[PDB]
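K.L.:
For reference, the file structure-v1.txt (compact mmCIF, C-alpha atoms) is included below:
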# COMPACT_ATOMS: atom_id res chain seq x y z
CA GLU A 1 12.35 -2.95 20.17
CA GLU A 2 12.81 -6.65 19.41
CA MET A 3 13.36 -7.33 15.72
CA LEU A 4 13.03 -10.63 13.86
CA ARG A 5 14.17 -11.06 10.26
CA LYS A 6 12.85 -14.04 8.31
CA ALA A 7 13.30 -15.05 4.68
CA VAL A 8 10.01 -15.62 2.86
CA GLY A 9 10.50 -15.47 -0.89
CA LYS A 10 11.50 -13.48 -3.93
CA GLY A 11 9.60 -10.38 -4.98
CA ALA A 12 7.97 -9.48 -1.66
CA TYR A 13 5.65 -6.47 -1.59
CA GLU A 14 2.53 -5.58 0.39
CA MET A 15 0.92 -7.34 3.35
CA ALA A 16 -2.36 -7.72 5.25
CA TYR A 17 -3.25 -8.75 8.80
CA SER A 18 -6.29 -10.61 10.16
CA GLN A 19 -7.14 -10.67 13.86
CA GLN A 20 -9.81 -13.34 13.31
CA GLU A 21 -7.36 -15.70 11.60
CA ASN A 22 -4.42 -14.51 13.75
CA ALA A 23 -2.32 -14.55 10.60
CA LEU A 24 -0.21 -12.38 8.31
CA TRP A 25 -0.13 -12.51 4.50
CA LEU A 26 2.67 -11.45 2.16
CA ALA A 27 2.31 -11.08 -1.61
CA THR A 28 5.30 -12.31 -3.62
CA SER A 29 5.88 -12.03 -7.36
CA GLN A 30 8.74 -14.58 -7.22
CA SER A 31 11.37 -14.41 -9.97
CA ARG A 32 10.32 -12.14 -12.82
CA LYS A 33 12.03 -14.29 -15.47
CA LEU A 34 11.75 -17.86 -14.12
CA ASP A 35 8.34 -17.83 -12.42
CA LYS A 36 5.00 -17.41 -14.18
CA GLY A 37 2.63 -16.11 -11.53
CA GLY A 38 3.34 -15.71 -7.85
CA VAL A 39 2.64 -16.92 -4.32
CA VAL A 40 0.71 -15.38 -1.42
CA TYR A 41 2.32 -16.60 1.81
CA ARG A 42 0.42 -16.91 5.08
CA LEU A 43 2.81 -16.20 7.95
CA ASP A 44 2.79 -16.88 11.67
CA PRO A 45 2.47 -13.42 13.28
CA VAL A 46 5.05 -14.31 15.97
CA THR A 47 7.65 -16.47 14.19
CA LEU A 48 7.04 -15.40 10.55
CA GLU A 49 7.08 -19.08 9.52
CA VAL A 50 5.17 -19.97 6.36
CA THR A 51 1.91 -21.60 7.44
CA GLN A 52 0.30 -21.58 3.98
CA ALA A 53 1.53 -21.01 0.41
CA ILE A 54 -1.18 -19.86 -2.02
CA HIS A 55 0.05 -20.28 -5.59
CA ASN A 56 -1.31 -17.68 -8.01
CA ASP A 57 -1.15 -17.70 -11.80
CA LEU A 58 -1.02 -13.89 -11.70
CA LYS A 59 1.74 -12.22 -9.71
CA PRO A 60 0.40 -10.40 -6.62
CA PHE A 61 1.77 -7.03 -5.54
CA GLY A 62 -0.56 -4.73 -3.63
CA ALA A 63 -2.54 -6.14 -0.73
CA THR A 64 -5.52 -5.33 1.47
CA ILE A 65 -8.13 -7.20 3.51
CA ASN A 66 -11.86 -6.75 4.07
CA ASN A 67 -12.10 -7.52 7.79
CA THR A 68 -15.88 -8.03 7.62
CA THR A 69 -15.86 -10.63 4.83
CA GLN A 70 -12.34 -11.90 5.69
CA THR A 71 -11.43 -11.60 2.01
CA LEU A 72 -7.92 -10.74 0.87
CA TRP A 73 -7.58 -8.46 -2.17
CA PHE A 74 -4.35 -8.37 -4.18
CA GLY A 75 -3.31 -6.13 -7.05
CA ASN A 76 -1.92 -7.89 -10.12
CA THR A 77 0.29 -5.07 -11.37
CA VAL A 78 1.84 -6.70 -14.46
CA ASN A 79 -1.56 -8.07 -15.55
CA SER A 80 -3.89 -5.10 -14.81
CA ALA A 81 -6.10 -7.25 -12.58
CA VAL A 82 -7.20 -7.75 -8.98
CA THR A 83 -7.43 -11.09 -7.16
CA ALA A 84 -9.78 -12.00 -4.31
CA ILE A 85 -8.72 -14.79 -1.94
CA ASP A 86 -10.62 -16.27 1.00
CA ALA A 87 -8.46 -15.64 4.07
CA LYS A 88 -9.87 -18.60 6.03
CA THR A 89 -9.58 -21.37 3.43
CA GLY A 90 -6.96 -19.82 1.14
CA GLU A 91 -9.04 -20.44 -1.99
CA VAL A 92 -8.79 -17.98 -4.87
CA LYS A 93 -12.34 -16.65 -5.18
CA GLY A 94 -11.88 -14.99 -8.57
CA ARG A 95 -10.23 -12.24 -10.55
CA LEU A 96 -11.22 -9.13 -12.47
CA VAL A 97 -9.23 -7.63 -15.34
CA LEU A 98 -9.15 -3.86 -14.89
CA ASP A 99 -7.44 -2.95 -18.20
CA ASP A 100 -7.79 -5.60 -20.92
CA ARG A 101 -6.04 -3.46 -23.55
CA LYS A 102 -3.07 -4.98 -25.33
CA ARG A 103 0.24 -3.21 -24.78
CA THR A 104 1.62 -1.53 -27.90
CA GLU A 105 3.98 1.44 -28.22
CA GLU A 106 1.18 4.01 -27.96
CA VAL A 107 -1.10 2.03 -25.62
CA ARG A 108 0.22 1.52 -22.07
CA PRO A 109 -2.46 -0.17 -19.93
CA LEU A 110 -3.04 1.22 -16.46
CA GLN A 111 -1.67 -0.93 -13.65
CA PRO A 112 -3.11 -1.45 -10.16
CA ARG A 113 -1.04 -0.08 -7.31
CA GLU A 114 -2.76 0.40 -3.94
CA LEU A 115 -5.96 -1.24 -2.70
CA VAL A 116 -8.34 -0.33 0.13
CA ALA A 117 -11.48 -2.20 1.19
CA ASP A 118 -14.65 -0.68 2.65
CA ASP A 119 -15.87 -3.18 5.23
CA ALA A 120 -19.22 -1.38 5.48
CA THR A 121 -20.19 -1.52 1.79
CA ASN A 122 -17.94 -4.40 0.64
CA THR A 123 -16.38 -2.10 -1.95
CA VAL A 124 -12.78 -2.32 -3.18
CA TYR A 125 -10.97 0.81 -4.36
CA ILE A 126 -7.90 0.33 -6.57
CA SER A 127 -5.55 3.03 -7.85
CA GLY A 128 -4.72 2.48 -11.52
CA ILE A 129 -1.56 4.41 -12.27
CA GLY A 130 -0.20 5.75 -15.54
CA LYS A 131 -0.01 9.00 -17.44
CA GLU A 132 -3.74 9.58 -16.81
CA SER A 133 -4.49 7.56 -13.68
CA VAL A 134 -7.90 6.39 -12.42
CA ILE A 135 -9.51 4.86 -9.34
CA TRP A 136 -11.26 1.55 -9.97
CA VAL A 137 -14.36 0.91 -7.85
CA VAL A 138 -14.97 -2.83 -7.53
CA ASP A 139 -18.03 -4.55 -6.07
CA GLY A 140 -16.63 -6.97 -3.50
CA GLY A 141 -19.78 -9.09 -3.58
CA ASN A 142 -19.46 -10.37 -7.15
CA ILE A 143 -15.99 -9.06 -8.16
CA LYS A 144 -17.39 -6.75 -10.83
CA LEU A 145 -16.37 -3.25 -11.88
CA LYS A 146 -18.73 -0.51 -10.71
CA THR A 147 -17.03 2.51 -12.34
CA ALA A 148 -13.65 4.17 -12.92
CA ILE A 149 -13.14 7.60 -11.38
CA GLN A 150 -11.39 9.69 -14.03
CA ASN A 151 -8.65 12.33 -13.97
CA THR A 152 -6.70 11.54 -10.81
CA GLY A 153 -3.52 12.87 -12.42
CA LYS A 154 -0.09 11.57 -13.31
CA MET A 155 0.89 8.45 -11.34
CA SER A 156 -1.88 8.73 -8.75
CA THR A 157 -0.43 5.96 -6.61
CA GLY A 158 -1.60 6.85 -3.10
CA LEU A 159 -4.92 5.63 -1.75
CA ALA A 160 -6.58 5.87 1.68
CA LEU A 161 -10.17 5.36 2.80
CA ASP A 162 -12.30 7.10 5.44
CA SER A 163 -15.19 4.64 5.67
CA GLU A 164 -17.40 6.44 8.20
CA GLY A 165 -16.82 9.85 6.62
CA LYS A 166 -17.38 8.40 3.12
CA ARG A 167 -14.19 10.09 1.92
CA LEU A 168 -11.53 8.56 -0.33
CA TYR A 169 -8.12 10.17 -0.80
CA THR A 170 -5.43 9.73 -3.44
CA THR A 171 -2.09 11.43 -4.13
CA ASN A 172 -0.19 11.68 -7.42
CA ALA A 173 3.03 12.87 -9.04
CA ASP A 174 1.40 16.24 -9.82
CA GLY A 175 1.86 17.12 -6.14
CA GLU A 176 -1.86 17.33 -5.39
CA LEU A 177 -4.14 15.70 -2.82
CA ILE A 178 -7.47 14.54 -4.25
CA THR A 179 -10.57 14.04 -2.09
CA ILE A 180 -13.42 11.83 -3.32
CA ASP A 181 -16.97 11.25 -2.08
CA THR A 182 -17.48 7.48 -1.89
CA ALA A 183 -21.27 7.93 -1.96
CA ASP A 184 -21.18 8.83 -5.66
CA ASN A 185 -17.52 8.29 -6.72
CA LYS A 186 -16.97 11.95 -7.60
CA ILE A 187 -13.98 14.19 -6.93
CA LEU A 188 -14.88 16.78 -4.28
CA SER A 189 -11.63 18.77 -4.39
CA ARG A 190 -7.97 18.73 -5.33
CA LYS A 191 -5.23 20.94 -3.91
CA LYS A 192 -1.54 21.25 -4.69
CA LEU A 193 -0.03 20.80 -1.24
CA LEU A 194 3.23 22.63 -1.99
CA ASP A 195 3.88 25.70 -4.13
CA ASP A 196 7.68 25.81 -3.85
CA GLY A 197 8.38 25.22 -7.54
CA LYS A 198 9.84 21.81 -6.67
CA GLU A 199 8.82 18.40 -7.96
CA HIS A 200 6.91 16.27 -5.45
CA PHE A 201 5.89 12.62 -5.89
CA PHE A 202 3.34 11.86 -3.16
CA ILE A 203 3.41 8.07 -3.33
CA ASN A 204 1.45 6.92 -0.26
CA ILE A 205 -1.01 8.31 2.27
CA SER A 206 -2.28 6.99 5.62
CA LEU A 207 -5.17 8.49 7.58
CA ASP A 208 -5.71 9.49 11.20
CA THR A 209 -9.48 9.74 10.82
CA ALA A 210 -10.10 10.53 14.51
CA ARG A 211 -8.22 13.83 14.10
CA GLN A 212 -9.03 14.29 10.38
CA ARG A 213 -5.39 14.35 9.30
CA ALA A 214 -3.31 12.44 6.76
CA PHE A 215 0.35 11.40 6.56
CA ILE A 216 1.77 11.62 3.03
CA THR A 217 5.12 10.33 1.78
CA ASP A 218 7.32 12.03 -0.82
CA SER A 219 9.96 10.26 -2.92
CA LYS A 220 11.40 13.52 -4.31
CA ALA A 221 11.77 15.53 -1.08
CA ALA A 222 13.29 14.72 2.31
CA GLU A 223 10.23 15.46 4.46
CA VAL A 224 6.96 13.70 5.31
CA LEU A 225 3.78 15.79 5.15
CA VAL A 226 1.02 15.91 7.76
CA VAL A 227 -2.10 17.37 6.15
CA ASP A 228 -5.50 18.40 7.51
CA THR A 229 -8.04 16.41 5.49
CA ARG A 230 -10.73 19.11 5.78
CA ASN A 231 -8.93 21.76 3.71
CA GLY A 232 -5.53 20.37 2.70
CA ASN A 233 -3.55 22.80 4.86
CA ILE A 234 -0.15 21.49 5.97
CA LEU A 235 0.04 20.73 9.69
CA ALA A 236 3.70 19.66 9.85
CA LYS A 237 6.83 18.85 7.85
CA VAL A 238 8.65 15.94 9.50
CA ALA A 239 12.30 15.80 8.46
CA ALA A 240 13.15 12.29 7.26
CA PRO A 241 14.87 10.61 4.30
CA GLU A 242 12.97 10.11 1.05
CA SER A 243 9.93 8.02 1.85
CA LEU A 244 7.80 5.33 0.22
CA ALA A 245 5.18 3.71 2.50
CA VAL A 246 3.43 5.23 5.52
CA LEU A 247 1.17 3.63 8.13
CA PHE A 248 -0.42 5.51 11.03
CA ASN A 249 -0.94 3.65 14.31
CA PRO A 250 -3.90 5.07 16.29
CA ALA A 251 -3.16 2.78 19.25
CA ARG A 252 0.21 4.54 19.74
CA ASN A 253 -0.31 7.87 17.91
CA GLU A 254 2.67 7.14 15.66
CA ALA A 255 3.35 6.93 11.94
CA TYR A 256 5.85 4.48 10.46
CA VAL A 257 7.65 5.28 7.22
CA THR A 258 9.87 3.15 4.98
CA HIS A 259 13.01 4.61 3.41
CA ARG A 260 13.92 2.41 0.44
CA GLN A 261 17.19 4.08 -0.54
CA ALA A 262 18.26 4.79 3.04
CA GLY A 263 17.38 1.24 4.14
CA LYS A 264 15.63 2.44 7.30
CA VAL A 265 12.20 2.78 8.90
CA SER A 266 11.29 5.95 10.80
CA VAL A 267 8.88 6.27 13.73
CA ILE A 268 7.13 9.65 13.67
CA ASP A 269 5.56 10.85 16.91
CA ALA A 270 2.30 12.41 15.72
CA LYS A 271 2.05 14.77 18.72
CA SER A 272 5.44 16.49 18.44
CA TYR A 273 5.79 15.76 14.69
CA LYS A 274 9.36 14.54 15.16
CA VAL A 275 11.22 11.36 14.27
CA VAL A 276 11.82 9.69 17.64
CA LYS A 277 13.18 6.32 16.47
CA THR A 278 14.76 4.85 13.34
CA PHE A 279 14.79 1.12 12.64
CA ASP A 280 17.66 -0.46 10.71
CA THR A 281 16.10 -2.47 7.85
CA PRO A 282 19.04 -2.68 5.42
CA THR A 283 18.52 -3.07 1.68
CA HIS A 284 15.30 -1.37 0.49
CA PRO A 285 12.38 -1.68 2.91
CA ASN A 286 9.10 -1.62 1.03
CA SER A 287 5.71 -2.13 2.68
CA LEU A 288 4.27 -1.96 6.18
CA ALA A 289 1.59 -3.82 8.12
CA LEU A 290 0.31 -3.61 11.69
CA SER A 291 -1.26 -6.19 13.97
CA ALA A 292 -4.82 -5.43 15.06
CA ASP A 293 -3.74 -4.32 18.54
CA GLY A 294 -1.13 -1.92 17.14
CA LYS A 295 1.71 -3.52 19.13
CA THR A 296 3.57 -5.29 16.28
CA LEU A 297 4.90 -3.70 13.09
CA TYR A 298 5.73 -5.77 10.00
CA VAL A 299 8.12 -4.57 7.29
CA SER A 300 8.75 -6.29 3.96
CA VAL A 301 12.45 -5.89 3.11
CA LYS A 302 13.65 -6.48 -0.46
CA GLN A 303 17.05 -7.42 -1.82
CA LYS A 304 18.78 -5.30 -4.44
CA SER A 305 17.38 -6.38 -7.81
CA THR A 306 17.69 -4.67 -11.19
CA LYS A 307 15.97 -4.96 -14.54
CA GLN A 308 19.15 -6.69 -15.80
CA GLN A 309 20.28 -8.68 -12.73
CA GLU A 310 17.77 -10.27 -10.36
CA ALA A 311 18.46 -11.03 -6.72
CA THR A 312 19.70 -14.53 -5.94
CA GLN A 313 18.39 -14.38 -2.35
CA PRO A 314 14.75 -14.22 -1.21
CA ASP A 315 13.29 -11.10 0.35
CA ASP A 316 12.65 -10.82 4.08
CA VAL A 317 9.91 -9.82 6.50
CA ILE A 318 10.96 -8.01 9.68
CA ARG A 319 8.74 -8.27 12.76
CA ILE A 320 9.21 -5.32 15.14
CA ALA A 321 7.75 -5.46 18.65
CA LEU A 322 6.69 -1.85 19.23
Please go through the file and, once you have read it, give me the structure as structure tokens.

P.N.:
Amino acid sequence: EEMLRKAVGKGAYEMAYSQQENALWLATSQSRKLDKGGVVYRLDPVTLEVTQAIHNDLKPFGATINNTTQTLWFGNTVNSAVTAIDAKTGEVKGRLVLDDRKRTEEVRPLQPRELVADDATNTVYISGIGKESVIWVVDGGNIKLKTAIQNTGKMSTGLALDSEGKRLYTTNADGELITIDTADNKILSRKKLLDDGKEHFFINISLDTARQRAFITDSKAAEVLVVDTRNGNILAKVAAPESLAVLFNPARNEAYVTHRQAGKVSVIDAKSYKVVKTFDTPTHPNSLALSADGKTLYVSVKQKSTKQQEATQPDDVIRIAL
């Protein structure tokens, strides 16, 4: 319905929402050439006005929040690290380097991508992408590395957590869905979701744990997958443009999907498995966030920026009253 576009800053990416603080956070990397480090912006959930600017010496990209500890967790992609920030005070609690290797021509350090927090065990799971990706398991209590789950495939970007079921899911560029037992950090199964001889980059995944199903985006194909998390069988193929982020809303039984190249956001009705609404978010939408009540959707919208020519305008956040 009602849409509000608000400029925040350059290099906007992922977001996190806190009902306790009644606030929204946006990770910004700022200018890649002029700025060393980045800023995490605290935003008014109604007006999107900056209510706090947290300067970071490492650029933040991915974002998640532990609702029990009220601790924000950000992925430092270009530094192979994760940052913990107190959501109430805004103080940086500490950082952990996940790949301290120096970059050469043969050595390419793994970079954090997605982050999910287990409020029950205070555990942070971080997807470290690369040729041979991993899942980093971080102790939220003392910001220390517990272990690194091996062999998640090529560019295993996706990450979603089933806290009660003790199941962790990740998706990669090998077209497979990987299920992990969080009780011992071991891969329980992996299944190639499609056997059509086509290339499939499953970038993101969002869970409907109540019905044991997952929504998975694909940047190489023009359809969003709905998958049964018990066996990996495909429940539906929703026709939509090439997709990046996906967020399921249990309060409305809908899934929202960003289309970077199309410049749009799709609303997928999870009962009929059809796109019932498309939001106009011109110029590369990126990440999604929902208010606690499921009534407000937040979309980070990025300007066109290249490796040679950066954007001269800041990125935006769009607030959509559902």

K.L.:
So how far away is atom CA of residue A:126 from atom CA of residue A:103, in Å?

P.N.:
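Atom CA of residue A:126 lies at a distance of 20.3 Å from atom CA of residue A:103.
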
K.L.:
Hey, can you check how far atom CA of residue A:260 sits from atom CA of residue A:78?

P.N.:
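Between atom CA of residue A:260 and atom CA of residue A:78 the gap works out to 21.2 Å.
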
K.L.:
Give me the box for stretch 300-316 of chain A as AutoDock Vina command-line options, namely the centre and edge lengths in Å to one decimal of a box along x, y and z that holds every listed atom plus 6 Å on each side.

P.N.:
--center_x 14.5 --center_y -9.6 --center_z -5.9 --size_x 23.5 --size_y 21.9 --size_z 31.9

K.L.:
Given the choices A:310, A:132, A:176, A:49, which gets closest to residue A:192 if the distance is worked out from all atoms listed in the file?

P.N.:
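Checking each of A:310, A:132, A:176, A:49 against residue A:192, counting all atoms listed in the file, the winner is A:176.
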
K.L.:
Rounded to one decimal place, report the atom CA of residue A:89-atom CA of residue A:57 distance in Å.

P.N.:
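That distance, rounded to one decimal, is 17.8 Å.
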
K.L.:
Give me, as a Markdown table, each residue of stretch 198-263 of chain A that comes within 12 Å of stretch 181-190 of chain A, together with its shortest interatomic pair and the distance in Å at one decimal, counting only C-alpha atoms, with rows ordered by chain and rising residue number.

P.N.:
| residue | atom | partner | partner_atom | distance |
| --- | --- | --- | --- | --- |
| A:229 | CA | A:189 | CA | 10.8 |
| A:230 | CA | A:189 | CA | 10.2 |
| A:231 | CA | A:189 | CA | 9.0 |
| A:232 | CA | A:190 | CA | 8.6 |
| A:233 | CA | A:190 | CA | 11.8 |

K.L.:
Write out as a count of residues only the residues lying within 8 Å of residue A:318, counting only C-alpha atoms and excluding same-chain residues fewer than 6 positions away.

P.N.:
9

K.L.:
Which residue out of A:138, A:205, A:257, A:193 has the minimum interatomic distance to residue A:156 when all atoms listed in the file are used?

P.N.:
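Once distances to residue A:156 are computed over all atoms listed in the file, the minimum belongs to A:205.
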